[PDB]
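A single chain comes next, written as structure tokens; it is the form deposited in one PDB entry.
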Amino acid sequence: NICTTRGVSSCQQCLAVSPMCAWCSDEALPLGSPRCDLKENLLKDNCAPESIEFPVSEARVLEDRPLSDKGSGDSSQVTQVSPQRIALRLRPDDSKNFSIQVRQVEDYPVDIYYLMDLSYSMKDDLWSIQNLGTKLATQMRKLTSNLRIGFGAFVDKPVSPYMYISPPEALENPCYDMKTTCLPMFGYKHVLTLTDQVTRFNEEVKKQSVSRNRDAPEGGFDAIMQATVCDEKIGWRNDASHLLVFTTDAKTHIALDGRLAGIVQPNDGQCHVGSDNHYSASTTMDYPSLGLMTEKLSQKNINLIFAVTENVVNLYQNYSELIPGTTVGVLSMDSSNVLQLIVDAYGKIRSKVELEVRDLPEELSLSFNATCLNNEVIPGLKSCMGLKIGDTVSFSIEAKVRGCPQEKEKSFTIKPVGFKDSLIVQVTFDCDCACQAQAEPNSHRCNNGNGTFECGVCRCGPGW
């Protein structure tokens, strides 16, 4: 076999030939017997059973909590991934398979932050949603028993030329040249921290009013950034689905637009909403880029929903493709359909399961076989879709190590996108022999001191 025909020099080099090779450290081994051969051939040559070095790749679970049936109650002791931790052992150029189960748990908490365009054309919209808090609660009650909702609003950077700055009357009332009154211009303002007291939503909304500005594209992306990175203020919960509902009927400003207002400083992606609840860097910091938004949304596990009117649906659908995980819904001209839009978005968000790997060693490569719908195995696939809340899926996984890395201890993670729980895989590379830990440096057997005696044979000492 390949074990003997390789003419290995040590026990270490023997195991690195192939995962099927074994090594014999026995003293009483016949004249010309190969110490590196199949474990069966070694025992056949009266090789002491304890003198067999033959590591076997294994994969035993360390944590195997069962999947939860409900995400309700508890202070976040919910399990939606199983197992949670396993110990992997691999020898040179070997592989081992293991499995992971993922569940879209029923009755999981939900945060919904409503982020609303409040330029003048949204005046009728604002009238339509003054009962949305309670109507939304009624429908979401069917899905979750832990609903929190909140509200923020935006117009655009309160600076020329986006803002009317004359006459002085126009600053206090941008609608002066018309025959009405509206609020002074504001970039973004937080209004209601996520709460389970839904009538707070209704009453806050009934006090809101629109403002007015000059150019069609608005400053919503500024508001999305702040709503995302201002955690404490907005009030996102650690263990809950986060839905950021973005409603507008217009185009949007993007990074580098700000230069028309003399603003060149890039968005820093940090929180700038203080105690007055307004975005204070609105007039000094550029709009955020798609990439930066994506980074923060992903980091805070926020699901962005573009709820926009049919005149700009294609636009936001195209943006959605550059911000993975984003969903789009068609908003009526008065937001009268926003409730069902949010409910459908929520279902769509929890209809997918996509595995993600973190901190994978260069040596290790993974392969996936998915099992979705009905025990239908789908090779070379690590994501399931068309799921309903309560459904469970599973993946067969194989790890293949290439050679033997310097570091013997490494660990990596496998986590579904947007999920709290994950599978931690603790890897151990076994390319050594137990007899090496009891070698004889400067042995009397090996060239009279010039060598080391380990695993039955004589190795050349250090320095030679």
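One rule holds for the numbers: they count along the sequence shown, beginning at 1.
Just so it is clear, the following notes concern the form solved in complex with a partner chain, a form of the same protein that is not shown.
- Interface residue remark: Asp111 is not counted as part of the site for its partner chain in the entry with it bound, having no heavy atom within 4.5 Å.
- Residue contact with its partner chain in the entry with it bound: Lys142 places no heavy atom within 4.5 Å of it.
- Its partner chain is not shown here, but in the entry with it bound it comes within 4.5 Å of a heavy atom of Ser121.
- Proximity of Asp94 to its partner chain in the entry with it bound: non-hydrogen atoms within 4.5 Å are absent; the residue sits far from the partner.
- Among the residues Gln104, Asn213, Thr247, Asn303, the one placing a heavy atom within 4.5 Å of its partner chain in the entry with it bound is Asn213.
- In plain terms, the part of the chain that comes close to its partner chain in the entry with it bound, with a heavy atom within 4.5 Å, is 216 to 224 out of 71 to 79, 216 to 224, 129 to 137, 230 to 238.
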